[PDB]
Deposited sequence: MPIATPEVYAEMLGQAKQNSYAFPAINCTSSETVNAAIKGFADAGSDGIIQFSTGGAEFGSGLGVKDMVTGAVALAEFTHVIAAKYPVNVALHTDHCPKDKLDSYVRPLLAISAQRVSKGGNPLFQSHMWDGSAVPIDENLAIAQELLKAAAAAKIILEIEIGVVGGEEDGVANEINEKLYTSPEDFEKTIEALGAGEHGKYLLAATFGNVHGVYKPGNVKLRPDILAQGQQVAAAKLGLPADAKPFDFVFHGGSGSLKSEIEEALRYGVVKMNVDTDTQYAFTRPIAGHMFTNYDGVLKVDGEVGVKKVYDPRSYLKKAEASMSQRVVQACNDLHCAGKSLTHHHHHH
C-alpha cells in the first residue's frame, strides 16, 4: 500500500533505531514507478519514490511542462499501483529551491492540506525544501514555517544544509538547525546534511565523502539537547547515493542516515537493456533496405519490460546495501 503518515513515521523510526535506511528512487514515469515498487517488493522492503522538479515536468508531458501537474498525475498513478503490493511505498518530492516553492512544494502542500481537512491522508508523505543556496538563517526561517504547514498536513519535511555537488556542513549550521526546529517534537523532519556528496556517477577517487561530519553533527545536537554523547537526534538523508562504496554507505548508516537517494544508477539500469535491444534488433527497430521493420521489437513494451526488470534489480541491490531488505513493516516473509 501507499505508506500512511503513521506507517511512514514508523518506517523512519525503525530504520533509525536499527541503523538501516530506505532507498529513495527518483522516478519519472509509469514504467520507472513500476520498476521501483517491484524492486521494493522483490526485496521484501518498504521504500520511497521521489519526483524531482525536472522529473515532474517530464511527467506532465512536453505539452504541459508543469511541475504540480506531473507530480500529481504520477502520484495518482502510484496510489493505484501501490495498493496491489504488500510493502509500504512513501511518496516524496526532491530538491525544491526558493524560487520554485510557489510552483511546486506550496501548491502540493495545499492539495494535501485539503485532503486532510476532509479526513483523508496527504497525497505525498514528505516534501523537500532545499534552501542550501541561501544563508542558513533564511533557510531555517523558511524551514520553520514549512515544517508547521507540513506537520499539520501529516507530512514530513526534508531540508538541506550544505550544497550537493554535481561541500561539507558546518558545526554552527547543525546547532542552528536544532535550535530552530527542535528534534521532532514540533514535527518530524529529515536533514540532508552534506558531507562531500555529489549527484552523478564518477570513477573512484573523485568523490570524497566525509561521514565523520554526520557523526559530529549528532554529537553537536546531543550536547545542545543535553542528551548522552551517543544520541542521534537527526534523521539524515544521503544525497547522491549512486556510485558510492559499500564501506561509505555502512559508515553513513551508523551515524543516522535513514534515507539514501538513488537516481543515476537506476537510470543506467533502466537504459542499459534498451540500448542492447536496439543494437541486437537494429533491422527490426529500423526500416532498412526497403523493409518495414518488425513490430514485435519496435513495440515499446518489448524493450520497456526489460528496462523495468533491470531497474527493479538495481533497486533490490539498493535495499540490500542499505539493510532494509527483508524488513518491510507488513512482515510478508
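In this chain the deposited sequence has gaps in the coordinates at 1, 168-179, 347-349, listed in sequence order.
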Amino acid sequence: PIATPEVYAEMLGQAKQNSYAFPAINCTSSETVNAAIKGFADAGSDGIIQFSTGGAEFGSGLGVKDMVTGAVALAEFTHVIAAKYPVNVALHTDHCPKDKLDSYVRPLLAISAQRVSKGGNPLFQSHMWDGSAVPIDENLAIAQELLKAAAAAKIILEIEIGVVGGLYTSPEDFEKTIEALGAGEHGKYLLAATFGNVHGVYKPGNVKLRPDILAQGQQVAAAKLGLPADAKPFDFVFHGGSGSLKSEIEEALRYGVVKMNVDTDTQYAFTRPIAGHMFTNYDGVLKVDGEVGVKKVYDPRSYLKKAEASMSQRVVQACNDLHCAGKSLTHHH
From here on, numbers count along this sequence of modelled residues.
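So that the term is clear: the rigid core is the largest set of C-alpha atoms that superpose within 1.5 Å between two forms.
In 6 other deposited structures of this protein, superposed by the rigid core, the C-alpha atoms of 224-232 lie farther from the shown form than the other of 81-89 and 224-232.
At least a third of the other compared entries skip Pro204 while keeping the residues on either side. Missing-residue comparison: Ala75 falls in the unmodelled set for none of the other PDB entries checked, so it is not missing from a third of them.
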